[PDB]
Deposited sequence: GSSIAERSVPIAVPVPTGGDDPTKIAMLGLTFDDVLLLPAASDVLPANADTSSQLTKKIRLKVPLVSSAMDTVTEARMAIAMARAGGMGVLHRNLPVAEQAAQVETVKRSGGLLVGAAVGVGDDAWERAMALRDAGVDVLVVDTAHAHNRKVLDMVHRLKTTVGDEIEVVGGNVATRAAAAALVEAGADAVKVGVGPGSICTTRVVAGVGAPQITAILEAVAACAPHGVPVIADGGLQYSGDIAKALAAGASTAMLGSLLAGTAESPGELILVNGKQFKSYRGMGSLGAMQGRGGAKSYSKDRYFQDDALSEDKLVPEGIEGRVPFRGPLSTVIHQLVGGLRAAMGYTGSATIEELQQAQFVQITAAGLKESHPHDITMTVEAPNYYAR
């Protein structure tokens, strides 16, 4: 083995991230303005815009979930608050019309009680929200939810980074599989634990297990630019979950911060020291203030539309068949 040792499988793959690849242009009859951006969030739920906001307490509470649903996407309400308040935020969303909304639950003690309270409040999507879903306890929670409320509510499981982990969540009954171990902008899992999987390769591997069963993949974390959304979808994901890109908006939780004449909002991992107040696996940071969500989503969808035009993708399903070129460091 050229890299050392006698075992070819020790280093199992070469992991690519968004920056490692570009979409190749292809024959196109598609204009950006005419492309259909709708896509499956879960087996049953289709969104007009393939974007959901992260279940983080500096990204998504009721105001963000409302704005996301109106923009044609969806919010997933964070779970770093008492059950009653989370359920009350769900009802607040529903009070603003027939809006789609999701909410995160864990696999802890109150997790099941949390899930029932959220169902009572009328949630559409339950997101089993863990650092590592390749675990019997997580798979059981997914399964128990799907068997109990599966008729009324779609159940998302995450996060995974391998084909085998995605396959297990599919077996357990997940209506969608969320991919991302390591890539988050505020994530330090890679330096603290030494663990991760570059996101383009993780999506390709998860899609290989999920697509044959008709289960959509949510690409979660590491998206910095509107172009990364197109890359993630072309890699086979059906939607993208955004944290950093939405944390700077007016609709996110938290106040404006003025630093050296420029405006910011605070953005922090749910595994950061302050978010837990296990060693921390996230940082507490700041992102530039970006203004209204509707504005950000427009640019983001604008970039996606451009990619669909370049690749001749009339739909997201067609974009999922596009090809990449791998680039070098010089790129």
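In this entry, the deposited residues absent from the coordinate set span 1-14, 292-314, 369-389.
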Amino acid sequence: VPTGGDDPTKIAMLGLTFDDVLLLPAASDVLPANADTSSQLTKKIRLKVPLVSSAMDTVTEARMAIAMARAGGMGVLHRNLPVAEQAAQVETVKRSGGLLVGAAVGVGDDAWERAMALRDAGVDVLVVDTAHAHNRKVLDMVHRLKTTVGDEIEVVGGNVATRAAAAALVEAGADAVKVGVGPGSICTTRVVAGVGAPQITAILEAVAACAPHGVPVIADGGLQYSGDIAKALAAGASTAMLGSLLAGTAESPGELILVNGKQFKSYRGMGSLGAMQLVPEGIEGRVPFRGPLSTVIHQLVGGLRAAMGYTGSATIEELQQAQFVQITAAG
From here on, numbers count along this sequence of modelled residues.
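Compared against other deposited entries of this protein, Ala69 counts as consistently modelled, with coordinates in all of those that resolve the residues around it and thus below the third mark. Omission of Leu278 is seen in a third or more of the other entries compared for this protein where the adjacent residues are built. Of the two segments, 169-177 and 84-92, the one listed with the higher mean B-factor is 84-92 (C-alpha atoms only). Higher mean CA temperature factor between 139-147 and 191-199: 139-147, per the PDB entry. Annotation for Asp220, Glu205, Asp228, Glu113: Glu113 ranks highest, by Cα B-factor. The maximum CA B-factor among the listed residues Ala232, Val107, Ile186, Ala209, taken from the PDB record, is found at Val107. In the PDB entry, a CA B factor belonging to the middle third of its chain's modelled residues is recorded for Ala133. Ranked against the other modelled residues of its chain, the C-alpha B-factor of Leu278 as given in the entry falls in the highest third. Per the deposited record, the Cα B-factor of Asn34 falls in the highest third when ranked against the other modelled residues of its chain.
The deposited CA B-factor of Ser53 belongs to the middle third of values across its chain. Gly157 sits in the middle third of its chain by CA B factor, as recorded in the PDB entry.
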